[PDB]
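Asks: Before I ask anything, let me first share the structure, which is written out below as structure tokens.
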Amino acid sequence: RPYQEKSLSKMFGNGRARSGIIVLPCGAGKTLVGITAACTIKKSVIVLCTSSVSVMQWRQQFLXXXXXXXXXXXXXXXXXXXXXXXXXXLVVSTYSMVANXXXXXXXXXXXXXXXXXXXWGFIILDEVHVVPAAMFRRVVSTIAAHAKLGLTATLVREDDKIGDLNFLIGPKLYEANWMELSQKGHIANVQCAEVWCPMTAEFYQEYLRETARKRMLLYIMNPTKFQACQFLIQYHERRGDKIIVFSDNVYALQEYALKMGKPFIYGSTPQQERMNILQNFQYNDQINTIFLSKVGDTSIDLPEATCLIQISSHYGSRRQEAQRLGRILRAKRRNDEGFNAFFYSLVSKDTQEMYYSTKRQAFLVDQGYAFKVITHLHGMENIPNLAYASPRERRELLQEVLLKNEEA
Amino acid sequence: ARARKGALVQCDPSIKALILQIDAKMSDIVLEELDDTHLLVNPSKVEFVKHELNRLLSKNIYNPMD
């Protein structure tokens, strides 16, 4: 990819003594850039990752290059260990395993052999936006190499600590514009859209009488959000496109999941059921609407479903939802003549959550994506299958929300 | 057969509830509740009832975007 050689030209310029951060999309090949840099340096390279799936991907890249089984390419994890050799090495480690404090499973010595014997020379950190934390400062404080590299896709955080990475690892060298990359490769056009649904009177006065995170249980459970949600679901099913529903709250995800009758993936869920739901979403055309929480978004991103719906949201964590949204957008690439990606933000008027979703839309403006407002698409008035459209169901839902407030 | 002078206020139900909250905090504001989108309000407060509205929609909206 041209931008990858545009990033490698900086390494080809000076050669020795360099450190910086390279911003590349998730769908791009930053791991290939790490492989090329590993071929240019030829030394013990350590790749800092947070999940085993990324370790398996880096191992697949090592297989795409050459060798992995002979005593040279090592693997560090809490399950097994593998030997290494000087002058050339490729190993992937976990942040929580290298960090620690005093808990030990007779494996911290195996890491202190890679760090004690001084077999290093190249540092690779996956997702640098997570570095602003004490454990990563300890990791950097326990390592020292000749060349450092930071592979990440985003860096927008409101912790005011992203600027420290300019001296902890190095200043950002190349930031690729996702619009020009969309022109190089169709990574699904980004259509940002907020749905403005009216707010009922009872949920408005009860919403004002509530506060903190409890008023979210009155912002999400609005009947017009159920009507507009069903209208968007039936609309996308009529267009023949799969639907992914995001929710920062597990309770709302279970409510919409059970009322819509679709599979759901949330916390404390068996992994076999998660894999079954994933296979049903990949193969079965009857399941075109999935309800995914943060566990289903951080662990895996699927290239299907051009329809992304956002209902639940948390205060301040708008940039993280923009990063996950960006992961689902960049995950969809196949060079199509159309390829229209639709992001909907179900927001209710006069609520305290839309005013942060606007900050998320500001983050979506900083990336160059297109944003437009949507009050209501004509067609919901012709859907007799809408729930909570009658005053009876609205009063019953009001009583259910009041009971939910009495439980919390 | 009876006629009283007041101030007819026409607004959406949410703004109506907000005006009812103004009358709940300051009193001597709303004279009658006509329907879901109309209210009988003391005229000498209307400007205030307007201005306070702006204030309560300035505290609600926030959005500094800075």
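First residue shown is number 1, and so on along the chain.
Keep in mind that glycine also has a Cβ here, set from the backbone N, Cα and C atoms.
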Asks: Quick test of your reading of Swiss-Prot: among A:2-5, A:126-129, A:234-237, A:326-329, where does it put motif 'DEAH box'?
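Replies: Range annotated as motif 'DEAH box' by Swiss-Prot: A:126-129.
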Asks: Which residues, sitting 6 or more apart from A:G29 (ATP binding site) on the same chain, put a CB under 8 Å from its CB?
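Replies: Once residues fewer than 6 apart are set aside, A:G29 (ATP binding site) is near A:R1, A:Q4.
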Asks: Given the binding-site residues A:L24, A:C26, A:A28, which one has the fewest other C-beta atoms within 10 angstroms of its C-beta?
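Replies: If we count Cβ atoms within 10 Å for the binding-site residues A:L24, A:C26, A:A28, the smallest count is at A:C26.
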Asks: Using Cα coordinates, what distance in whole Å links A:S390 (phosphoserine) and A:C26 (ATP binding site)?
Replies: 45
Asks: If one looks at the chain holding A:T31 (ATP binding site), which residues at least 6 apart in sequence have a CB under 8 angstroms from its CB?
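Replies: When sequence neighbours closer than 6 are ignored, A:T31 (ATP binding site) has A:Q57, A:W58, A:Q61, A:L151 within Cβ distance under 8 Å.
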Asks: Taking the Cβ of A:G27 (ATP binding site) as reference, which residues of that chain separated by at least 6 in sequence fall under 8 Å from it?
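Replies: For A:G27 (ATP binding site), the qualifying residues are A:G185, A:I187, A:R330, A:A331, A:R333.
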Asks: Near A:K30 (ATP binding site), which residues of its chain come within a Cβ-Cβ distance under 8 Å, counting only those 6 or more away in sequence?
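Replies: When sequence neighbours closer than 6 are ignored, A:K30 (ATP binding site) has A:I22, A:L24, A:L151 within Cβ distance under 8 Å.
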Asks: Give me the sequence-ordered set of same-chain residues, not including A:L24, A:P25, A:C26, A:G27, A:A28, A:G29, A:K30, A:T31, with a C-beta within 8 angstroms of the centroid of the ATP site's C-beta atoms.
Replies: A:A153, A:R330
